[PDB]
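J.: sequence below, structure please.
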Amino acid sequence: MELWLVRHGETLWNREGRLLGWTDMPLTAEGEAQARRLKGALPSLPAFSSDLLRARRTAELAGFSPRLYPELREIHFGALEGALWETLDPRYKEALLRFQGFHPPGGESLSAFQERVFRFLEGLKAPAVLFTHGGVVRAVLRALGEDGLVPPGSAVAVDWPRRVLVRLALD
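T.: Residues are numbered from 1 along each chain as shown. I have put the structure below:
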């Protein structure tokens, strides 16, 4: 199934390097710029989006009117929301780097996050554009055997659940 996953435009915590999950941070001016550049670069297909502001706003500026789904939200970092990556305990850094065995207090475990994301994708019966988050794109890319790191405001097209089709980044 052809699915286009879009990582929302940048927020302040991107350059600040803070874990951004359910904290509802808005897009920065540049984030909105990145969003607008996406208009015309993404296929005209049904759209779905995380209900978090940064995702919804990216979808809007990109020219879409998505149906909202909390299932497309970034992982919930719990007590680690807002924590600087730099000062993150090595045990957490390792879990996030290896993408396994991560369960922050008051947050969501990586395994539960993957289950949530993959169940949502499984329900898509036709090609669509998904406005979501870095961790969601990473979960999908990693499950397809590839590095899941993509720039804010960029997109990836995949043939789910088989392979990555293309990675799109604009300047």
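J.: give me the nearest residue to the residue positioned nearest the centre of the chain, chain neighbours excluded.
T.: Most central in the chain under Cα atoms, centre = their mean is residue 133, positioned 1.4 Å from the mean C-alpha point. Setting aside the residues directly before and after it, residue 133 is nearest to residue 74 in space (Cβ to Cβ, 6 or more residues apart in numbering), at 3.6 Å. In short, each C-beta sits where N, CA and C put it, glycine included.
J.: mind listing what the one you found touches?
T.: 20-22, 50, 52, 132-136 (Cβ atoms under 8 Å, 6 or more residues apart in numbering).
J.: equivalent analysis for residue 66, please.
T.: 47-49, 56, 59, 129, 131.
J.: wait, doesn't residue 134 sit right on residue 5?
T.: No. With contact taken as Cβ atoms under 8 Å, residue 134 and residue 5 are classed as non-touching, separated by 10.1 Å.
J.: so between these two, which is more surrounded?
T.: Neighbour totals were compared for residue 134 and residue 5, and residue 5 leads with 26 against 19 (other Cβ atoms under 10 Å).
J.: shouldn't the more buried one be within a strand?
T.: Yes. Under DSSP: H, G, I helix; E, B strand; the rest coil, residue 5 sits within a strand.
J.: is it true that it touches residue 136?
T.: Yes. Contact criterion Cβ under 8 Å: residue 5 and residue 136 qualify, at 6.8 Å.
J.: quickly list what's touching both of the two.
T.: Here residue 5 and residue 136 have residue 130 as joint contacts, going by Cβ under 8 Å, 6+ apart.
J.: give the contact list for residue 157.
T.: Taking Cβ under 8 Å, 6+ apart as the test, what residue 157 contacts is 2-5, 164-166, 168.
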